[PDB]
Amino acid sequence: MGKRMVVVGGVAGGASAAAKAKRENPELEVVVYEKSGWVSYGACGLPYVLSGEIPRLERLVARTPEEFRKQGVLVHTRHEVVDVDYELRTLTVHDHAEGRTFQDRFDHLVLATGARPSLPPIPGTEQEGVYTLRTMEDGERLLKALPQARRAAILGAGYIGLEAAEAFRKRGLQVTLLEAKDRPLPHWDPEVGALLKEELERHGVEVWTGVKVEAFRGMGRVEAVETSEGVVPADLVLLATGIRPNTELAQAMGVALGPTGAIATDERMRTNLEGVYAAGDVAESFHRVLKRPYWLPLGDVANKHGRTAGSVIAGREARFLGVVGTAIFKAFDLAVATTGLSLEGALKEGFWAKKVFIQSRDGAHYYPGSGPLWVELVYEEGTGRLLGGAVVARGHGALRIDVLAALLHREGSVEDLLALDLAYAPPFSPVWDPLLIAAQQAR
């Protein structure tokens, strides 16, 4: 056939769905409704623009609504879809431009509305120099504030947030990091968080841990931050405390949520309603180690969701087959890579789990420049089964993490990892790869 595919949201999942569907089947009418007035941009890059490394914000968009148009795809920014007359029985789609509101129908509907910041309840959040880092507009806001220092407080020592810390220091601010749990990167085992505390500290960041924030001081302006542990003075504050999925519209039309709260999906990205798909951060994914659904709001997973929905609609054969949880981020001079489950998580799930954590190099002892390289393996006591892993390096790669993600994907034991014929040469690895050394193999 040659019918009508409506994409709600156009950031990553949504743009992927649109771009792939129209390529795979040029008969479709493909329309994207984005509320934000930008479309198809790398949120991941926002801290590099903040920091000054990337000169202009527009650098971050992959495709313009104009290039889209050239390619058969009609994108509307600043259009919010306010209601769907689903099943029910499509029309559906009332939505809003500049001035007006109006109707549309669809044959295939891709929900790709993303995630919004998850705001803690703290009096004084509403003030003038409290910010959030999610969108292009967020970037504009911030980018205005920044030059004109002086003192920043960042709530949340998650990856973005560690990422913001570096950006603000690169922009000359003094920065203190506040975290309610005891370590930075609290969702991973503590050795890694340690490494990070030391690197933040080396670069002038103050890291307050185990800290209850009580309010943001000011008369609508923000100058403080009052905490259980004292008062942090700050004319800019960044809330970096989580995101939650944008599910509200999809519940209105009776799309089912999964246990995570994100929209449920099958290997075809299809929801519970016929003709409705979801993609990207509003959607659950099957975690392959946990053997259940999971929310993993990463941008590469959004692209793989989007592209699967896209292909499926264009009548190609395409399945999405799940995640293992691999992430990497850059914080100052560390590259921090995780995958699978941390020992704590492994334990919480009931495994009889053990961890090893080793410190190697990134190149021969004798090689000029060779840096430290840590690897963590989390495994199942008896079986040897791999459950998760971390590698940290200065390295632009390592990224060695990818090998673990590979193994986690099938069952994959410590034994299997030992048997792997990895690449040796003095500039890149010691003669035993740090993954091999960590395998069984020292403690």
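Numbers for residues come from their place in the sequence shown, where the first is 1.
*Asks:* Going by the mean C-alpha B-factor recorded in the entry, which is higher: 160-168 or 90-98?
*Replies:* Going by the record's values, the stretch with the higher mean is 90-98.
*Asks:* Would you determine, from the values in the PDB entry, which of 141-149 and 319-327 has the greater average C-alpha temperature factor?
*Replies:* Of 141-149 and 319-327, the stretch with the higher C-alpha B-factor average is 141-149.
*Asks:* Please pick out which of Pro297, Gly129, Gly193, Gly261 has the largest Cα B-factor as recorded in the entry.
*Replies:* So the option with the highest C-alpha B-factor is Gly129.
*Asks:* Between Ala337, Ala240, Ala278, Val211, let me know which has the highest C-alpha B-factor in the entry?
*Replies:* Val211 has the highest C-alpha B-factor of those listed.
*Asks:* Taking the chain's C-alpha temperature factors as the reference, tell me which third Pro245 falls into: lowest, middle or highest.
*Replies:* Ranked within chain, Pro245 CA B lands in the middle tercile.
*Asks:* In terms of the chain's CA B-factor thirds, is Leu387 lowest, middle or highest?
*Replies:* Within its chain, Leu387 is a lowest-third residue by C-alpha B-factor, going by the deposited values.
*Asks:* Considering every modelled residue of the chain and its Cα B-factor in the PDB entry, is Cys44 in the lowest, middle or highest third?
*Replies:* As the PDB entry reports it, the C-alpha B-factor of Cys44 lands in the highest third of its chain.
*Asks:* Should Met1 be placed in the lowest, middle or highest third of its chain by the C-alpha B factor in the entry?
*Replies:* Top third by C-alpha B-factor.
*Asks:* Using the B-factor values recorded in the entry, state whether the Cα atom of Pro117 falls in the lowest, middle or highest third among the modelled residues of its chain.
*Replies:* For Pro117, whose C-alpha B-factor we compare with every modelled residue in the chain, the answer is the highest third.
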